[PDB]
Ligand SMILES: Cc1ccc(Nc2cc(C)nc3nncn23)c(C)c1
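Next comes just one chain, in structure tokens: the form solved without the named molecule.
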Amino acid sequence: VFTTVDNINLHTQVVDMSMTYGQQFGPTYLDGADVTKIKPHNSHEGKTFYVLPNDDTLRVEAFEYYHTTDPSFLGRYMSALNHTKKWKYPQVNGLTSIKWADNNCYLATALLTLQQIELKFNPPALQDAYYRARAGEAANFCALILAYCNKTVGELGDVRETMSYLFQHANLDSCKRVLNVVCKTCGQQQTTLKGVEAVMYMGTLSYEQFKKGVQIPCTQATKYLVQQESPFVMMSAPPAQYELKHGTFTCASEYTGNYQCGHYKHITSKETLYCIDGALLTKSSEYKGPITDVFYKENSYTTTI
């Protein structure tokens, strides 16, 4: 048979029918199911298998595809895939969603959001699954998202936290946010953020109000945006009522329920406002509801006065 870790480079070996896979290879998975305890059925010859890296060439191949040396990563990924490959991934309004199952509401909103913003992932396994997800096959993408966030199937997830984990594995080096806070006592201090901190802010959902001025305490001073060089901006705030106006944003995440046990729903702005709840779709002209994250498009911004 064949054993690999990246599925790009394969290594051919043979198995004895009377010895279980673990003694010959180590922890071995097939199609997301652990075949370590299973003895070789001999029904499949030449089939590709996933093994935890043992050699040094395997360890190096594993990092070049995943960008991690954690030995637990492969196991956490294969156990997530075992669930995600039986989920349904319908296509709603030209976007790939997820039929609700095992509290994946936060995963679906993230998947729909990632298909609407410009992003490039540094780990090749993430980028390759990102492409496959856009086409309509996102089982490996959702499993990798769980493994990189160290989350499990059924576990309760927050969209803002999931996006920030994903942003740290993406090339946001070109992004830049220049801030300036002014206090009548301390004066004026100019700070310059870069990377994940340049595309995310917690406090308001309104990109305008962030450009206008938000009130943060000083050692209350006012914080306003001065320059933004990012393909997008994520505006996060604790869940509250908000009126989404058609054409003033890209997409938003709605959270309705109690802390940690509420349900996420996704709103996107097209020719009208659309609401995606897994496999369901809802259309309206304007939206008002509990909103916690709003995504805006951007290329370059420079403050005036």
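Just count from 1 along the sequence shown to find any residue number. Between two forms, the rigid core is the largest collection of C-alphas that superpose within 1.5 Å.
Stretch comparison, 235 to 243 versus 35 to 43: after rigid core superposition, larger RMS CA deviation in 4 other deposited structures of this protein is found for 35 to 43.
Averaged over structures and residues, the CA distance from the shown form in 4 other deposited structures of this protein after a core fit is larger for 49 to 57, of the two stretches 49 to 57 and 264 to 272. Unmodelled residues of the deposited sequence between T219 and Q220: 1 to 3. When 146 to 154 is weighed against 171 to 179, 171 to 179 comes out higher, by mean CA B-factor as recorded in the entry. Per-stretch averaging of Cα B factors for 12 to 20 and 277 to 285 places 12 to 20 on top. Per the PDB entry, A33 shows the highest C-alpha temperature factor of the residues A252, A33, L58, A237. In this structure the maximum Cα B-factor among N104, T96, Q190, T162 is found at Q190. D128 sits in the lowest third of its chain by CA B factor, as recorded in the PDB entry. Sorting the modelled residues of the chain by their CA temperature factor places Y224 in the highest third. For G136, the recorded CA temperature factor ranks within the middle third of the chain's modelled residues. When the modelled residues of the chain are ordered by C-alpha B-factor, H266 sits in the lowest third.
Sort the chain's modelled residues by C-alpha temperature factor and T69 lands in the lowest third, per the entry.
Absent from the display: the form deposited with the named molecule bound. The rest refers to it.
With the named molecule omitted here, the record of contacts in the entry with it bound names 181 to 189 of 181 to 189, 82 to 90, 112 to 120, 130 to 138, defined by a heavy atom within 4.5 Å.
At the 4.5 Å threshold, heavy atoms of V226 stay clear of the named molecule in the entry with it bound, well away from it. For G94, no non-hydrogen atom is located within 4.5 Å of the named molecule in the entry with it bound, even though that partner is not displayed. Contact annotation for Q215: none of its heavy atoms lies within 4.5 Å of the named molecule in the entry with it bound.
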